[PDB]
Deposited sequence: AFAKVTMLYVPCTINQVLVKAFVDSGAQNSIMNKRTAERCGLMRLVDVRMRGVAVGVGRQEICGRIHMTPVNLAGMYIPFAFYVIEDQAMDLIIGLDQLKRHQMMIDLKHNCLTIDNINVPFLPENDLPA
């Protein structure tokens, strides 16, 4: 079965985010953080580069404030963990194959559109 990925834009940079209800924390790898021009927002206070407390993420057409850690040696570009899934009251709808946020649905990417 195809794993869950959603398209999102961070500083006009396309990012394919991994949706993981089993993950405690949301994590972005260092390469994507550099490409999005976010390293200046990293609070450095080990693999963990630091934590970004708030940055706008264009997901489902809306600019949603996200918080996530930055790590260097992660295969995934961006992991949307349970922390952010709950804060924004998201819905992983596998009957309709979409991620729902405030009545807007983001269809999960097909297998061909996966990293």
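Practice problem: Could you sort out which parts of the deposited sequence are absent from the coordinates (no C-alpha) and give them as ranges from 1? | Solution: Those parts of the chain that were deposited but carry no coordinates are 1 to 4, 50 to 59, 130.
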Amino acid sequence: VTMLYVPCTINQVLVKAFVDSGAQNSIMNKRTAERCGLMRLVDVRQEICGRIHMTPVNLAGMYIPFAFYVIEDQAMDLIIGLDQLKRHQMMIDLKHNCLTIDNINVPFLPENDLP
From here on, numbers count along this sequence of modelled residues.
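Practice problem: Pick between 32 to 40 and 67 to 75: the one whose mean CA B-factor in the entry is higher. | Solution: Here the higher of the two C-alpha B-factor means belongs to 67 to 75.
Exercise. Could you settle it for me: does 80 to 88 or 23 to 31 have the higher average Cα B factor in the PDB entry?
Key: On average, C-alpha B-factors are higher across 23 to 31.
Practice problem: Consider only the C-alpha atoms of the modelled residues in this chain, order them by B-factor as the entry records it, and name the third containing residue 100: lowest, middle or highest. | Solution: Ranked within chain, residue 100 CA B lands in the lowest tercile.
Quiz prompt | Ranked C-alpha temperature factor of residue 109 among modelled chain residues, by third | solution = Top third by C-alpha B-factor.
Self-check item: Position of residue 17 among the chain's modelled residues by C-alpha B-factor, lowest, middle or highest third
Solution: Lowest third - that is where residue 17 ends up once the chain's C-alpha B-factors are sorted.
Quiz item: Of the three thirds of its chain by CA temperature factor, lowest, middle or highest, which one includes residue 6?
Solution: Lowest third.
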